[PDB]
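Visitor: So I've got this file, upload-v1.cif, and it contains mmCIF, C-alpha atoms:
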data_query
#
loop_
_atom_site.label_atom_id
_atom_site.label_comp_id
_atom_site.auth_asym_id
_atom_site.auth_seq_id
_atom_site.Cartn_x
_atom_site.Cartn_y
_atom_site.Cartn_z
CA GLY A 846 -57.25 -6.38 -8.93
CA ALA A 847 -55.75 -8.55 -6.21
CA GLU A 848 -52.03 -8.41 -5.49
CA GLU A 849 -50.23 -11.75 -5.75
CA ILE A 850 -47.20 -13.17 -3.97
CA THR A 851 -45.34 -14.83 -6.85
CA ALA A 852 -41.74 -15.23 -7.95
CA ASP A 853 -42.51 -13.90 -11.46
CA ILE A 854 -41.10 -10.43 -10.81
CA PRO A 855 -40.80 -8.35 -14.01
CA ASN A 856 -37.41 -6.93 -14.98
CA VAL A 857 -35.62 -9.11 -12.41
CA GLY A 858 -33.23 -11.87 -13.41
CA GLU A 859 -32.67 -15.28 -11.87
CA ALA A 860 -29.70 -13.89 -9.90
CA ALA A 861 -32.10 -12.18 -7.47
CA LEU A 862 -34.51 -15.15 -7.47
CA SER A 863 -31.95 -17.70 -6.23
CA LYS A 864 -32.93 -17.32 -2.56
CA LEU A 865 -36.65 -17.35 -3.39
CA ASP A 866 -38.73 -20.52 -3.47
CA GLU A 867 -41.48 -21.40 -5.95
CA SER A 868 -44.02 -19.42 -3.91
CA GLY A 869 -41.81 -16.32 -3.87
CA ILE A 870 -40.76 -16.42 -0.20
CA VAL A 871 -37.13 -16.49 0.90
CA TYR A 872 -35.74 -19.70 2.37
CA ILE A 873 -34.92 -20.13 6.05
CA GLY A 874 -31.19 -19.82 6.64
CA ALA A 875 -30.48 -17.62 3.62
CA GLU A 876 -27.71 -15.04 3.94
CA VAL A 877 -29.30 -11.82 2.67
CA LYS A 878 -27.73 -8.39 2.13
CA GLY A 879 -29.13 -4.95 1.36
CA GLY A 880 -31.48 -4.81 -1.61
CA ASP A 881 -32.11 -8.56 -1.72
CA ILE A 882 -35.68 -9.68 -2.38
CA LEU A 883 -37.34 -11.47 0.54
CA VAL A 884 -40.96 -11.75 -0.63
CA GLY A 885 -41.87 -11.32 -4.29
CA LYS A 886 -45.08 -9.37 -4.88
CA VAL A 887 -46.52 -7.93 -8.10
CA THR A 888 -49.22 -5.26 -8.11
CA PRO A 889 -51.64 -4.75 -11.02
CA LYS A 890 -51.20 -1.42 -12.78
CA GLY A 891 -53.36 0.55 -15.19
CA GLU A 892 -52.59 2.01 -18.58
CA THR A 893 -49.59 4.36 -18.48
CA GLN A 894 -48.97 7.03 -21.11
CA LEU A 895 -45.60 6.73 -22.86
CA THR A 896 -43.64 9.71 -24.14
CA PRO A 897 -43.14 9.83 -27.93
CA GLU A 898 -39.42 9.15 -27.52
CA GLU A 899 -40.30 6.07 -25.47
CA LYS A 900 -42.78 5.03 -28.18
CA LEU A 901 -40.00 5.24 -30.78
CA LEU A 902 -37.69 3.27 -28.47
CA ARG A 903 -40.34 0.54 -28.14
CA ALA A 904 -40.80 0.64 -31.92
CA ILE A 905 -37.11 -0.07 -32.50
CA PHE A 906 -36.78 -2.77 -29.82
CA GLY A 907 -40.16 -4.40 -29.26
CA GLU A 908 -39.68 -5.42 -25.63
CA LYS A 909 -42.69 -4.37 -23.55
CA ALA A 910 -43.80 -6.27 -20.43
CA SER A 911 -45.53 -3.90 -18.00
CA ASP A 912 -48.80 -5.60 -17.05
CA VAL A 913 -47.81 -5.54 -13.36
CA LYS A 914 -45.40 -3.47 -11.27
CA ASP A 915 -42.72 -4.72 -8.88
CA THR A 916 -43.76 -3.83 -5.32
CA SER A 917 -41.83 -6.45 -3.35
CA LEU A 918 -40.34 -6.63 0.12
CA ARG A 919 -36.58 -6.02 0.08
CA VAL A 920 -33.87 -6.04 2.72
CA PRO A 921 -33.20 -2.50 4.02
CA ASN A 922 -29.91 -0.93 3.00
CA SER A 923 -26.91 -1.41 5.32
CA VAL A 924 -28.64 -4.45 6.87
CA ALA A 925 -27.09 -7.91 6.48
CA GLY A 926 -28.31 -11.02 8.25
CA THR A 927 -29.86 -14.46 8.06
CA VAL A 928 -33.51 -15.45 7.73
CA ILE A 929 -34.43 -17.37 10.88
CA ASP A 930 -38.25 -17.50 10.70
CA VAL A 931 -40.97 -16.87 8.12
CA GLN A 932 -44.67 -16.75 9.05
CA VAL A 933 -47.52 -16.60 6.53
CA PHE A 934 -51.01 -15.39 7.49
CA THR A 935 -53.76 -16.08 4.95
CA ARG A 936 -57.34 -14.85 5.09
CA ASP A 937 -60.12 -17.41 5.32
CA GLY A 938 -61.33 -17.93 1.77
CA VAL A 939 -57.97 -17.37 0.04
CA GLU A 940 -56.00 -20.25 -1.46
CA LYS A 941 -52.87 -21.24 0.46
CA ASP A 942 -49.66 -21.23 -1.56
CA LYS A 943 -47.17 -24.10 -1.37
CA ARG A 944 -45.02 -22.38 1.26
CA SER B 4 36.11 -2.15 17.84
CA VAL B 5 33.67 0.75 17.50
CA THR B 6 32.61 0.24 13.87
CA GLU B 7 32.11 -3.52 14.28
CA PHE B 8 29.28 -4.88 16.43
CA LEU B 9 28.62 -8.37 17.80
CA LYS B 10 25.78 -10.33 16.21
CA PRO B 11 23.33 -12.06 18.59
CA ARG B 12 22.70 -15.79 18.38
CA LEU B 13 19.89 -18.02 19.61
CA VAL B 14 21.57 -19.63 22.61
CA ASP B 15 18.73 -21.20 24.62
CA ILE B 16 15.18 -22.41 24.02
CA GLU B 17 12.96 -23.46 26.93
CA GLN B 18 9.57 -25.17 26.65
CA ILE B 19 7.79 -24.62 29.97
CA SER B 20 4.58 -26.01 28.45
CA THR B 21 3.00 -26.72 25.08
CA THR B 22 1.61 -23.17 24.97
CA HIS B 23 4.46 -21.38 26.78
CA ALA B 24 8.13 -20.95 25.92
CA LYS B 25 11.22 -18.80 26.44
CA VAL B 26 13.82 -17.95 23.79
CA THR B 27 17.25 -16.51 24.61
CA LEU B 28 19.24 -14.25 22.26
CA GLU B 29 22.84 -13.48 23.22
CA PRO B 30 25.03 -11.42 23.03
CA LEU B 31 23.66 -7.92 22.35
CA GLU B 32 25.32 -4.51 22.46
CA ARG B 33 24.09 -1.55 24.50
CA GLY B 34 20.54 -0.55 23.62
CA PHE B 35 20.08 -3.15 20.89
CA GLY B 36 18.22 -5.46 23.26
CA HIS B 37 15.27 -3.09 23.63
CA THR B 38 15.22 -2.28 19.91
CA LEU B 39 15.20 -5.92 18.82
CA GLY B 40 12.76 -6.92 21.57
CA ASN B 41 10.21 -4.25 20.68
CA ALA B 42 10.53 -4.90 16.94
CA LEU B 43 10.16 -8.66 17.40
CA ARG B 44 7.22 -8.24 19.78
CA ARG B 45 5.39 -5.99 17.32
CA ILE B 46 6.07 -8.31 14.37
CA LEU B 47 5.20 -11.50 16.29
CA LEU B 48 1.94 -10.09 17.64
CA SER B 49 0.80 -8.85 14.21
CA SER B 50 2.21 -10.91 11.32
CA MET B 51 2.52 -14.54 12.31
CA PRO B 52 0.87 -17.05 9.95
CA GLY B 53 -1.35 -19.79 11.27
CA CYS B 54 -4.28 -22.10 10.58
CA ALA B 55 -7.86 -21.47 11.69
CA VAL B 56 -11.38 -22.79 11.23
CA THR B 57 -13.26 -20.89 8.52
CA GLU B 58 -16.34 -22.91 7.53
CA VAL B 59 -18.48 -25.46 9.38
CA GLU B 60 -21.23 -27.75 8.09
CA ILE B 61 -23.50 -29.61 10.52
CA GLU B 62 -26.09 -32.10 9.30
CA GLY B 63 -29.63 -30.92 9.94
CA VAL B 64 -28.54 -27.33 10.69
CA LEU B 65 -29.52 -24.46 8.40
CA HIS B 66 -28.38 -21.42 10.40
CA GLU B 67 -26.33 -20.62 13.49
CA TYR B 68 -29.29 -19.29 15.51
CA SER B 69 -30.80 -22.75 15.89
CA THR B 70 -30.89 -25.82 18.12
CA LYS B 71 -30.14 -29.52 17.71
CA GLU B 72 -31.74 -32.29 19.76
CA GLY B 73 -29.55 -33.89 22.41
CA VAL B 74 -27.04 -31.01 22.43
CA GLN B 75 -26.83 -28.67 25.41
CA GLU B 76 -25.21 -25.87 23.40
CA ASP B 77 -26.62 -23.84 20.54
CA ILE B 78 -24.86 -23.78 17.18
CA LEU B 79 -23.51 -20.31 18.00
CA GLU B 80 -21.79 -21.64 21.12
CA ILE B 81 -20.43 -24.60 19.14
CA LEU B 82 -18.96 -22.24 16.53
CA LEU B 83 -17.44 -20.04 19.25
CA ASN B 84 -15.87 -23.15 20.78
CA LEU B 85 -14.58 -24.21 17.35
CA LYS B 86 -12.91 -20.80 17.05
CA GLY B 87 -10.53 -21.93 19.80
CA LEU B 88 -9.34 -25.04 17.99
CA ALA B 89 -5.56 -25.33 17.61
CA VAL B 90 -4.77 -27.02 14.29
CA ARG B 91 -1.37 -27.48 12.63
CA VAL B 92 -1.50 -28.22 8.90
CA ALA B 93 1.45 -29.78 7.09
CA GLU B 94 3.37 -27.41 4.84
CA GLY B 95 2.23 -27.08 1.23
CA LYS B 96 -1.51 -27.12 2.01
CA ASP B 97 -3.49 -23.93 2.61
CA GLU B 98 -6.87 -25.70 2.91
CA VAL B 99 -7.99 -28.91 4.60
CA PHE B 100 -11.22 -30.62 5.65
CA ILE B 101 -11.67 -32.48 8.93
CA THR B 102 -14.65 -34.50 10.08
CA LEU B 103 -16.28 -35.01 13.50
CA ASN B 104 -18.92 -37.69 14.12
CA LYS B 105 -19.92 -38.65 17.65
CA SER B 106 -22.90 -40.48 19.15
CA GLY B 107 -23.79 -41.12 22.77
CA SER B 108 -23.90 -39.02 25.91
CA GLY B 109 -20.69 -37.26 26.88
CA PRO B 110 -18.40 -34.31 26.12
CA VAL B 111 -17.58 -34.11 22.42
CA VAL B 112 -13.97 -32.89 22.45
CA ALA B 113 -11.26 -32.10 19.90
CA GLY B 114 -9.72 -35.56 20.22
CA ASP B 115 -12.64 -37.13 18.35
CA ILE B 116 -11.95 -35.26 15.10
CA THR B 117 -10.86 -37.52 12.23
CA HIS B 118 -8.04 -36.05 10.13
CA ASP B 119 -5.98 -37.24 7.16
CA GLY B 120 -2.62 -37.46 8.94
CA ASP B 121 -1.54 -34.05 7.62
CA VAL B 122 -3.50 -32.25 10.37
CA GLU B 123 -2.40 -32.24 14.01
CA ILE B 124 -4.70 -31.25 16.88
CA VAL B 125 -2.65 -29.54 19.58
CA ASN B 126 -5.42 -29.48 22.23
CA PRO B 127 -7.26 -32.83 22.17
CA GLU B 128 -8.99 -32.01 25.47
CA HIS B 129 -10.72 -28.88 24.13
CA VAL B 130 -14.43 -29.40 24.77
CA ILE B 131 -16.43 -28.71 21.60
CA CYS B 132 -19.95 -29.61 22.73
CA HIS B 133 -21.97 -31.86 25.04
CA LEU B 134 -24.33 -34.70 24.08
CA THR B 135 -27.02 -35.19 26.72
CA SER B 136 -28.80 -38.25 25.27
CA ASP B 137 -27.83 -41.76 24.23
CA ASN B 138 -29.75 -41.22 20.97
CA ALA B 139 -28.03 -37.89 20.26
CA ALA B 140 -25.60 -37.76 17.33
CA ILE B 141 -23.42 -35.04 15.82
CA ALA B 142 -21.85 -34.99 12.34
CA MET B 143 -19.78 -31.96 11.29
CA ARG B 144 -17.47 -31.11 8.39
CA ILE B 145 -14.92 -28.45 9.36
CA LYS B 146 -12.80 -26.38 6.97
CA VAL B 147 -9.36 -25.26 8.17
CA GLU B 148 -7.48 -22.61 6.20
CA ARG B 149 -4.00 -21.12 6.47
CA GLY B 150 -3.83 -17.37 6.78
CA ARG B 151 -2.43 -14.35 8.57
CA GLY B 152 -4.11 -11.82 10.84
CA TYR B 153 -7.83 -11.54 11.61
CA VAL B 154 -10.35 -12.03 8.80
CA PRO B 155 -14.01 -11.60 9.83
CA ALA B 156 -16.77 -13.39 7.96
CA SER B 157 -18.12 -10.12 6.55
CA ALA B 158 -14.73 -9.12 5.12
CA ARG B 159 -14.60 -12.20 2.88
CA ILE B 160 -15.42 -11.21 -0.69
CA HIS B 161 -18.58 -12.80 -2.08
CA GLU B 166 -22.82 -19.38 -4.65
CA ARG B 167 -22.79 -20.55 -1.03
CA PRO B 168 -25.20 -23.36 -0.09
CA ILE B 169 -27.61 -22.90 2.79
CA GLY B 170 -26.14 -24.81 5.73
CA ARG B 171 -22.53 -23.67 5.36
CA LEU B 172 -21.67 -21.54 8.39
CA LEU B 173 -18.95 -18.90 8.20
CA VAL B 174 -16.64 -18.57 11.21
CA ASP B 175 -14.53 -15.53 12.03
CA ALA B 176 -10.90 -16.64 11.81
CA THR B 177 -8.00 -15.38 13.94
CA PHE B 178 -5.03 -16.97 12.19
CA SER B 179 -2.25 -15.55 14.37
CA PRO B 180 -0.97 -18.28 16.74
CA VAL B 181 0.68 -15.80 19.12
CA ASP B 182 -1.29 -14.72 22.19
CA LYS B 183 1.19 -13.03 24.55
CA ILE B 184 4.75 -11.73 24.13
CA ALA B 185 7.05 -10.35 26.82
CA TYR B 186 10.73 -9.46 26.57
CA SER B 187 13.41 -8.79 29.18
CA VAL B 188 16.94 -7.43 28.73
CA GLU B 189 19.37 -8.71 31.36
CA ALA B 190 23.12 -8.72 31.92
CA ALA B 191 25.23 -11.27 30.03
CA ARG B 192 28.67 -12.52 31.10
CA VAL B 193 30.64 -12.91 27.85
CA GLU B 194 34.47 -12.96 27.98
CA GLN B 195 35.60 -9.82 29.90
CA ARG B 196 33.03 -7.27 28.69
CA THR B 197 30.17 -6.01 30.84
CA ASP B 198 28.24 -3.92 28.29
CA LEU B 199 26.83 -7.03 26.59
CA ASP B 200 23.15 -7.85 27.23
CA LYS B 201 20.86 -10.86 26.84
CA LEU B 202 17.29 -10.84 25.51
CA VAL B 203 14.74 -13.32 26.87
CA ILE B 204 11.45 -13.51 24.97
CA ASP B 205 8.49 -15.15 26.71
CA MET B 206 5.95 -16.42 24.17
CA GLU B 207 2.48 -17.72 25.03
CA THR B 208 0.84 -19.30 21.97
CA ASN B 209 -1.67 -22.00 21.02
CA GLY B 210 1.08 -24.57 20.41
CA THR B 211 0.81 -24.51 16.62
CA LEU B 212 4.01 -22.53 15.94
CA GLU B 213 7.46 -23.42 17.23
CA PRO B 214 9.26 -20.60 19.09
CA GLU B 215 12.49 -20.73 17.09
CA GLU B 216 10.59 -20.80 13.80
CA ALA B 217 8.49 -17.78 14.82
CA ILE B 218 11.66 -15.90 15.77
CA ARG B 219 13.15 -16.61 12.34
CA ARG B 220 10.01 -15.48 10.50
CA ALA B 221 9.92 -12.24 12.50
CA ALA B 222 13.59 -11.61 11.72
CA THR B 223 13.01 -12.34 8.02
CA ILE B 224 10.09 -9.89 7.88
CA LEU B 225 12.13 -7.20 9.63
CA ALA B 226 15.10 -7.70 7.28
CA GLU B 227 12.89 -7.62 4.17
CA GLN B 228 11.30 -4.35 5.30
CA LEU B 229 14.74 -2.91 6.14
CA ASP B 230 16.04 -3.76 2.65
CA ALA B 231 14.23 -0.66 1.37
CA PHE B 232 16.24 1.57 3.72
CA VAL B 233 19.51 -0.29 3.05
CA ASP B 234 19.16 0.72 -0.61
CA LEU B 235 17.55 4.15 -0.21
CA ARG B 236 16.71 5.59 -3.63
CA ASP B 237 13.86 7.59 -5.13
CA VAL B 238 11.28 5.17 -6.52
CA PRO C 1044 -60.45 -5.49 5.85
CA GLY C 1045 -59.09 -5.51 2.31
CA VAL C 1046 -55.96 -7.49 3.27
CA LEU C 1047 -55.46 -10.85 1.55
CA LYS C 1048 -52.09 -12.13 2.79
CA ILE C 1049 -49.30 -11.17 5.20
CA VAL C 1050 -45.75 -12.56 5.18
CA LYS C 1051 -43.40 -11.85 8.10
CA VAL C 1052 -39.64 -12.46 7.86
CA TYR C 1053 -37.27 -12.36 10.84
CA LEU C 1054 -33.68 -11.25 10.24
CA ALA C 1055 -30.84 -11.86 12.70
CA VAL C 1056 -27.94 -9.39 12.54
CA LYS C 1057 -24.67 -9.78 14.45
CA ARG C 1058 -23.58 -6.24 15.31
CA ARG C 1059 -19.93 -5.90 16.30
CA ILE C 1060 -18.28 -3.05 18.19
CA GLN C 1061 -17.04 -0.13 16.08
CA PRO C 1062 -16.21 3.57 16.45
CA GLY C 1063 -19.32 5.61 17.20
CA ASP C 1064 -20.80 3.06 19.59
CA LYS C 1065 -21.60 4.28 23.09
CA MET C 1066 -19.96 2.40 25.98
CA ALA C 1067 -20.53 3.22 29.63
CA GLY C 1068 -19.98 1.96 33.15
CA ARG C 1069 -22.18 1.95 36.24
CA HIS C 1070 -20.91 5.29 37.61
CA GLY C 1071 -22.24 7.63 34.92
CA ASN C 1072 -19.01 7.47 32.89
CA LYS C 1073 -20.20 7.28 29.28
CA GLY C 1074 -18.20 7.63 26.09
CA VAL C 1075 -17.99 6.98 22.37
CA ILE C 1076 -15.38 4.63 20.93
CA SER C 1077 -12.84 6.61 18.90
CA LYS C 1078 -10.37 4.00 17.63
CA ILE C 1079 -9.94 0.22 17.47
CA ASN C 1080 -6.24 0.08 18.32
CA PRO C 1081 -3.97 -2.81 17.32
CA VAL C 1082 -2.80 -5.05 20.15
CA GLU C 1083 0.88 -4.15 19.73
CA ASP C 1084 0.18 -0.42 20.10
CA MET C 1085 -1.74 -0.87 23.36
CA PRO C 1086 0.10 -0.35 26.67
CA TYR C 1087 1.34 -3.52 28.35
CA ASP C 1088 2.76 -4.48 31.74
CA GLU C 1089 5.98 -6.30 32.66
CA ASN C 1090 4.37 -9.69 31.93
CA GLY C 1091 3.42 -8.64 28.40
CA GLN C 1092 -0.32 -8.50 29.06
CA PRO C 1093 -1.84 -5.56 27.16
#
In structure tokens, what does this structure look like?
Guide:
Amino acid sequence: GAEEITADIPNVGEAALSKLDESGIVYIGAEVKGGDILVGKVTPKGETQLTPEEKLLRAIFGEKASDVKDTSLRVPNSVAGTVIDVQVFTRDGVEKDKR
Amino acid sequence: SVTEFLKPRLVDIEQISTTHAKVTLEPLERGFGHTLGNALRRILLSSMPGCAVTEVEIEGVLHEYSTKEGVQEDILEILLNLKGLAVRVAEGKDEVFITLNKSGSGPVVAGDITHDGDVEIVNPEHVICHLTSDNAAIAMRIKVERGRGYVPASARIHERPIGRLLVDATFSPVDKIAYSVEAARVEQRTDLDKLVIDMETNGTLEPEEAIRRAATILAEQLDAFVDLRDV
Amino acid sequence: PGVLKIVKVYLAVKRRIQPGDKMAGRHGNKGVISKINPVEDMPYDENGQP
């Protein structure tokens, strides 16, 4: 399918989404450190085989949300700075997000 | 006698300028002038408390690497200029907020900062920024904190709203210290010396007070040796 | 071809001097900083300027 730039990043809490806007792009002027999410992107993934131990673990606790995988842009390690400019390039024929 | 020494006293204080002074300690025995002078110079240059700007908030500014209309200087230059602000905060308060609003063309200086009467600006002529238009306006909220030593912005332990700008703070008010040991004419003895300490500061700290804090620190550290035991 | 969107983010980093940085003059005299000495330890003249 088509990869989407959205803030709905699986297995990530609202602590890491504070600097992100509704469209999933970091604000301008945000103090970001290593490992912080700048742009939130989710990639579609196919069916993945689960080991029998993992199947039992899912049987006990029913949590399972793995429709998409987290492939998002993150600040490189040992790099700390401020976001001073963000530029979005969209292909002709693709809907423009709010940002 | 030989066992008993003579204790120095603070005999003269001279204020050549607001940021320059000389303090005289007299009398001193042989060799004690250099010892006390070096100890006091090292303590004064390292461990003197002060007040410094830590956080700035400018309306319409999101980050330091930006520009504001009608201002010749960038926000980085304004913060660097704010780093040189000499502020004295009344005792009992370790945190204060001051406010600077100015409109119209001209040099925005430290004398235009509105305080609460518990904050004294020692250098009212310090140029903070320049407004190059009659329509230009500046509105800033400055945070002044009491501290000791040098605390960079990164060293501060980590919500902080976007628009609050961290400033590296050098709290120590002492800039330069020199000391000279000269001859002193006391009674009939010649071995007695006199210690003159030249202090160049930002004007926040009084010379006598700084001398007493340095002596207190030295005595408190010496108390461990005065009562040497295995701990 | 095949690309839908691109997002570019610019990060500004203030890098301060530290041991390991290479400092040099204009006469071929290069070196690596070994220690950030305190001001009191540094040599000073008769006027107290270190």
Visitor: Do me a favour and pick out the residues of chain B within 6 Å of chain C, using all atoms listed in the file, as a ChimeraX atom specification.
Guide: /B:45,184-185
Visitor: Could you tell me which residues the PyMOL selection byres ((chain C) within 6 of (chain A)) grabs in this file, written as a list in words?
Guide: residues 1047, 1048, 1049, 1050, 1051, 1052, 1053, 1054, 1055 and 1056 of chain C
Visitor: On this structure, which residues satisfy the PyMOL selection byres ((chain B) within 8 of (chain A)), written as a PDB file with C-alpha atoms, in the coordinates of the input?
Guide:
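Okay, selection37.pdb is ready:
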ATOM      1  CA  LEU B  65     -29.520 -24.460   8.400  1.00  0.00           C
ATOM      2  CA  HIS B  66     -28.380 -21.420  10.400  1.00  0.00           C
ATOM      3  CA  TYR B  68     -29.290 -19.290  15.510  1.00  0.00           C
ATOM      4  CA  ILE B 169     -27.610 -22.900   2.790  1.00  0.00           C
ATOM      5  CA  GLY B 170     -26.140 -24.810   5.730  1.00  0.00           C
TER       6      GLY B 170
END
Visitor: List, as a ChimeraX atom specification, every residue that the PyMOL selection byres ((chain C and resi 1061) around 10) selects in the file provided.
Guide: /C:1058-1060,1062-1065,1075-1079
Visitor: Grab the CA of residue 204 in chain B to CA of residue 44 in chain B distance for me, in Å with one decimal place.
Guide: 8.5 Å
Visitor: For residue 92 in chain B, work out the shell of residues within 12 Å, counting only C-alpha atoms and skipping chain neighbours fewer than 2 positions away, then give it as a PyMOL selection string.
Guide: chain B and resi 52-56+89-90+94-101+118-125+146-150+211-212
Visitor: Tell me, in Å to one decimal, how far CA of residue 47 in chain B is from CA of residue 207 in chain B.
Guide: 11.1 Å
Visitor: If you take every atom of range 174-183 of chain B that the file lists and fit an axis-aligned box around them with 6 Å extra on each side, what centre and edge lengths come out in Å to one decimal, as AutoDock Vina command-line options?
Guide:
--center_x -7.7 --center_y -15.8 --center_z 17.9 --size_x 29.8 --size_y 17.5 --size_z 25.3
Visitor: Quote the spacing between CA of residue 142 in chain B and CA of residue 176 in chain B in Å to one decimal place.
Guide: 21.4 Å
Visitor: Select, counting all atoms listed in the file, all protein, DNA and RNA residues no farther than 10 Å from (-40.3, -10.0, -11.8) in file coordinates, and express the selection as a count of residues only.
Guide: 19
Visitor: If we count all atoms listed in the file, what is near residue 912 in chain A at a cut-off of 10 Å, once residues fewer than 5 positions away on the same chain are taken out, given as a count of residues only?
Guide: 7
Visitor: Residue 64 in chain B: which residues within 9 Å, counting all atoms listed in the file, same-chain residues fewer than 5 positions away excluded, as a list in words?
Guide: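 What passes the distance filter is residues 874 of chain A; 69, 70, 71, 78, 170 and 171 of chain B.
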Visitor: Please complete range 1067-1083 of chain C with N, CA, C and O atoms and give it back as a PDB file, in the frame of the given file.
Guide:
ATOM      1  N   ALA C1067     -20.426   2.554  28.346  1.00  0.00           N
ATOM      2  CA  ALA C1067     -20.530   3.220  29.630  1.00  0.00           C
ATOM      3  C   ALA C1067     -20.374   2.214  30.761  1.00  0.00           C
ATOM      4  O   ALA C1067     -20.551   1.008  30.579  1.00  0.00           O
ATOM      5  N   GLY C1068     -20.031   2.734  31.934  1.00  0.00           N
ATOM      6  CA  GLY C1068     -19.980   1.960  33.150  1.00  0.00           C
ATOM      7  C   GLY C1068     -21.214   2.180  34.013  1.00  0.00           C
ATOM      8  O   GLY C1068     -22.257   2.654  33.552  1.00  0.00           O
ATOM      9  N   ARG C1069     -21.088   1.824  35.290  1.00  0.00           N
ATOM     10  CA  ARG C1069     -22.180   1.950  36.240  1.00  0.00           C
ATOM     11  C   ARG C1069     -22.083   3.208  37.098  1.00  0.00           C
ATOM     12  O   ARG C1069     -22.887   3.382  38.020  1.00  0.00           O
ATOM     13  N   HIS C1070     -21.123   4.088  36.816  1.00  0.00           N
ATOM     14  CA  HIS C1070     -20.910   5.290  37.610  1.00  0.00           C
ATOM     15  C   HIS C1070     -21.171   6.564  36.810  1.00  0.00           C
ATOM     16  O   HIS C1070     -20.667   7.633  37.168  1.00  0.00           O
ATOM     17  N   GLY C1071     -21.951   6.473  35.736  1.00  0.00           N
ATOM     18  CA  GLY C1071     -22.240   7.630  34.920  1.00  0.00           C
ATOM     19  C   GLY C1071     -21.133   8.032  33.972  1.00  0.00           C
ATOM     20  O   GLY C1071     -21.186   9.135  33.417  1.00  0.00           O
ATOM     21  N   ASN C1072     -20.136   7.176  33.770  1.00  0.00           N
ATOM     22  CA  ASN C1072     -19.010   7.470  32.890  1.00  0.00           C
ATOM     23  C   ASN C1072     -19.315   6.864  31.518  1.00  0.00           C
ATOM     24  O   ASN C1072     -19.069   5.684  31.267  1.00  0.00           O
ATOM     25  N   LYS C1073     -19.855   7.688  30.629  1.00  0.00           N
ATOM     26  CA  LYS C1073     -20.200   7.280  29.280  1.00  0.00           C
ATOM     27  C   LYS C1073     -19.162   7.806  28.290  1.00  0.00           C
ATOM     28  O   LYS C1073     -18.430   8.757  28.570  1.00  0.00           O
ATOM     29  N   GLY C1074     -19.110   7.173  27.126  1.00  0.00           N
ATOM     30  CA  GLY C1074     -18.200   7.630  26.090  1.00  0.00           C
ATOM     31  C   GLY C1074     -18.504   6.966  24.772  1.00  0.00           C
ATOM     32  O   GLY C1074     -19.301   6.027  24.687  1.00  0.00           O
ATOM     33  N   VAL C1075     -17.857   7.482  23.733  1.00  0.00           N
ATOM     34  CA  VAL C1075     -17.990   6.980  22.370  1.00  0.00           C
ATOM     35  C   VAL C1075     -16.640   6.452  21.925  1.00  0.00           C
ATOM     36  O   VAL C1075     -15.618   7.133  22.082  1.00  0.00           O
ATOM     37  N   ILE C1076     -16.629   5.235  21.378  1.00  0.00           N
ATOM     38  CA  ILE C1076     -15.380   4.630  20.930  1.00  0.00           C
ATOM     39  C   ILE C1076     -14.802   5.453  19.789  1.00  0.00           C
ATOM     40  O   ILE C1076     -15.501   5.798  18.827  1.00  0.00           O
ATOM     41  N   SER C1077     -13.513   5.772  19.891  1.00  0.00           N
ATOM     42  CA  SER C1077     -12.840   6.610  18.900  1.00  0.00           C
ATOM     43  C   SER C1077     -11.923   5.829  17.975  1.00  0.00           C
ATOM     44  O   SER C1077     -11.756   6.226  16.818  1.00  0.00           O
ATOM     45  N   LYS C1078     -11.322   4.739  18.446  1.00  0.00           N
ATOM     46  CA  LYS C1078     -10.370   4.000  17.630  1.00  0.00           C
ATOM     47  C   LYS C1078     -10.302   2.558  18.119  1.00  0.00           C
ATOM     48  O   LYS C1078     -10.355   2.300  19.324  1.00  0.00           O
ATOM     49  N   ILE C1079     -10.185   1.629  17.175  1.00  0.00           N
ATOM     50  CA  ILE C1079      -9.940   0.220  17.470  1.00  0.00           C
ATOM     51  C   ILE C1079      -8.439   0.005  17.284  1.00  0.00           C
ATOM     52  O   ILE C1079      -7.967  -0.252  16.174  1.00  0.00           O
ATOM     53  N   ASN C1080      -7.689   0.114  18.375  1.00  0.00           N
ATOM     54  CA  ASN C1080      -6.240   0.080  18.320  1.00  0.00           C
ATOM     55  C   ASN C1080      -5.729  -1.348  18.115  1.00  0.00           C
ATOM     56  O   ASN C1080      -6.322  -2.308  18.615  1.00  0.00           O
ATOM     57  N   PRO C1081      -4.632  -1.510  17.379  1.00  0.00           N
ATOM     58  CA  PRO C1081      -3.970  -2.810  17.320  1.00  0.00           C
ATOM     59  C   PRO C1081      -3.404  -3.209  18.677  1.00  0.00           C
ATOM     60  O   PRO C1081      -3.130  -2.370  19.537  1.00  0.00           O
ATOM     61  N   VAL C1082      -3.238  -4.521  18.859  1.00  0.00           N
ATOM     62  CA  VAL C1082      -2.800  -5.050  20.150  1.00  0.00           C
ATOM     63  C   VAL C1082      -1.385  -4.601  20.480  1.00  0.00           C
ATOM     64  O   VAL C1082      -1.064  -4.341  21.646  1.00  0.00           O
ATOM     65  N   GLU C1083      -0.513  -4.520  19.474  1.00  0.00           N
ATOM     66  CA  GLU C1083       0.880  -4.150  19.730  1.00  0.00           C
ATOM     67  C   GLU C1083       0.992  -2.714  20.210  1.00  0.00           C
ATOM     68  O   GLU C1083       1.852  -2.397  21.039  1.00  0.00           O
TER      69      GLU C1083
END
